[PDB]
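A.B. asks: Have a look at the structure that comes next, please.
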Amino acid sequence: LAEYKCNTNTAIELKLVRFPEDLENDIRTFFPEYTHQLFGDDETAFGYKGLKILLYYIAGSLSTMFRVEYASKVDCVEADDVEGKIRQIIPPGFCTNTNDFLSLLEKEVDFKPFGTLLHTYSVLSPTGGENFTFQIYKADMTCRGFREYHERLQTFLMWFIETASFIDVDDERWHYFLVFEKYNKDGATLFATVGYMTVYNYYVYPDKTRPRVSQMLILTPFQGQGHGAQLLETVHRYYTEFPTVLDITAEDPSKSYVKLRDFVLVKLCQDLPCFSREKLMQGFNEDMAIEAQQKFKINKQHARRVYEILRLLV
Ligand SMILES: CCOc1cc([C@@H]2CC(=O)NC3=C2C(=O)C[C@H](c2ccc(F)cc2)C3)cc([N+](=O)[O-])c1O
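Here the sequence shown stands for residues 22 to 96, 101 to 339, numbered as in the entry's author numbering.
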């Protein structure tokens, strides 16, 4: 009976599929960092030998294939309801075989990003020379198709963020920022989902808001390319255009958030007059927090952090 225990982290094969060959290419597969919300602290599932859970997503639209496969199952002993648990966290309408999934691949040419283009950037390839092209969009639930797309996307929070939980999309104070990569296929330019960030537009009495970063997910294949830095920079630059925004902060200031934040705020602030070599040496001044707030909606306390870093650099 213990011979029917399978670790679920390694059993759940995720894929982002651009071309048919991606189905057969194990390099394209990645795996959950967390499955405890479905399978407990032990991250094991009872009842199956050779358990394979397939969640294949078409790279842009995230149209989904979901299949459970196994060598054998125990079915007066009852296997864990793997299917049922996964169905809690993914929308209906998934297909269940590779043929139907490949059919969806043909229609992917028509998939277009949701919302407003805010920024376009290039990342250099590891090999060097080739640039990949990326775009950040701001979307909301008024954009046709986005709600369904967000349901397909958010599942990933479960696999890669430890304390992850789904948001209430009917709350209009949610802002969505999406990252896409442009890629070529047979002469056409298609879009691939890279990541996203949800930002909550907290009300501040009486006429102001204070955006707070809630979640940010960069999908595993795109990690270590600087997407989070672009995403946060873009969000700061976006909300700067609104006088009614006080500042931008994070709900959950992790070590990695703080590292990312310190990177971006230094990038944004080093070329400002108030943070010049000469002005830094005179000490920290309220002027610095003022200018940082006006120019990039940087929190008063965050500007103190930037000051220390910049003053060390000098
Ligand atoms: C080799 C590892 O490469 C990367 C890892 C990450 C992770 C993983 C992920 O998907 N989410 C985030 C990450 C963080 O480190 C911190 C971030 C965070 C941002 C804002 C905020 F308000 C609160 C948290 C959440 C991002 C990137 N990236 O480039 O963005 C990696 O390259």
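All residues carry an ideal CB built from backbone N, CA and C; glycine is no exception.
Comparing C-alpha positions only, which one of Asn226, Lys132, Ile323 and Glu206 sits nearest to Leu149?
C.D. replies: Mapped onto the sequence shown, residue 149 falls at position 124. Nearest option by C-alpha distance: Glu206.
A.B. asks: Can you name, in chain order, every residue of its own chain whose Cβ lies under 7 angstroms from the Cβ of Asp287, other than the five neighbours on each side?
C.D. replies: Taking the first residue of the sequence shown as position 1, residue 287 is located at position 262. Cβ within range, chain order: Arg330 and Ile334.
A.B. asks: Give the range of the beta strand (DSSP E) segment to which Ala189 is assigned.
C.D. replies: In the sequence shown, residue 189 corresponds to position 164, counting from 1. That residue, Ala189, is in no beta strand (DSSP E); it is neither H nor E in DSSP.
A.B. asks: If distances are taken between C-alpha atoms only, which option among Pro236, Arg169, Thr31 and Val219 comes closest to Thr245?
C.D. replies: In the sequence shown, residue 245 corresponds to position 220, counting from 1. Minimum Cα distance to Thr245 is reached at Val219.
A.B. asks: Return the first residue and the last residue of the beta strand (DSSP E) that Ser150 is part of.
C.D. replies: Within the sequence shown, the letter at position 125 stands for residue 150. Segment: none, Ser150 is in no beta strand (DSSP E) and carries neither H nor E.
A.B. asks: Can you tell me where the alpha helix (DSSP H) holding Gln295 begins and where it ends?
C.D. replies: Locating residue 295 in the sequence shown gives position 270, where the first residue counts as 1. Where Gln295 is concerned, there is no enclosing alpha helix (DSSP H), given that its DSSP letter is neither H nor E.
A.B. asks: Cβ of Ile161 within 8 angstroms of any heavy atom in ligand 1?
C.D. replies: By 1-based counting over the sequence shown, the position of residue 161 is 136. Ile161: no, Cβ never under 8 angstroms from ligand 1.
A.B. asks: Starting from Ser239, trace the alpha helix (DSSP H) in both directions and tell me its first and last residue.
C.D. replies: Indexing the sequence shown from 1 puts residue 239 at position 214. Taken as a continuous stretch (DSSP letters only), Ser239 belongs to no alpha helix (DSSP H), being part of the beta strand (DSSP E) at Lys233 to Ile243.
A.B. asks: Could you tell me whether the Cβ atoms of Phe216 and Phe136 are closer together than 9 angstroms?
C.D. replies: Residue 216 sits at position 191 when you count from the first residue of the sequence shown. Residue 136 sits at position 111 when you count from the first residue of the sequence shown. It is a contact, given that the beta carbons lie within the stated cut-off.
A.B. asks: Between the beta-carbon of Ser84 and the beta-carbon of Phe126, is there less than 9 angstroms?
C.D. replies: In the sequence shown, residue 84 corresponds to position 63, counting from 1. In the sequence shown, residue 126 corresponds to position 101, counting from 1. Yes, the pair counts as a contact, with Cβ atoms nearer than the cut-off.
A.B. asks: Do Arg198 and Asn226 have their CB atoms nearer than 9 angstroms?
C.D. replies: For the purposes of this step, residue 198 is taken as the residue at position 173 of the sequence shown. For the purposes of this step, residue 226 is taken as the residue at position 201 of the sequence shown. A contact, by the Cβ cut-off of 9 angstroms.
A.B. asks: In chain order, what are the residue ranges of uninterrupted beta strand (DSSP E) at least 3 long that sit wholly in the segment 32 to 75?
C.D. replies: Complete beta strand (DSSP E) runs here, min 3: 33 to 38 and 65 to 67.
A.B. asks: Would you kindly work out how many angstroms separate the C-alpha atoms of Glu311 and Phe300, rounded to a whole number?
C.D. replies: Position 286 of the sequence shown, counting from 1, holds the residue named residue 311. Position 275 of the sequence shown, counting from 1, holds the residue named residue 300. Near 12 angstroms, if we compare the C-alpha coordinates of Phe300 and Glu311.
A.B. asks: Go ahead and label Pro138 buried or exposed: buried means 16 or more other beta carbons lie within 10 angstroms of its beta carbon, across all protein chains shown.
C.D. replies: In the sequence shown, the residue the question calls residue 138 occupies position 113. Looking at its Cβ environment, which holds 16 or more other Cβ atoms inside 10 Å, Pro138 is buried.
A.B. asks: Say the cut is 8 angstroms; is the CB of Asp277 nearer than that to a heavy atom of ligand 1?
C.D. replies: Numbered from its first residue, the sequence shown carries residue 277 at position 252. Yes; taking the cut-off as 8 angstroms, the Cβ of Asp277 has a heavy atom of ligand 1 nearer than that.
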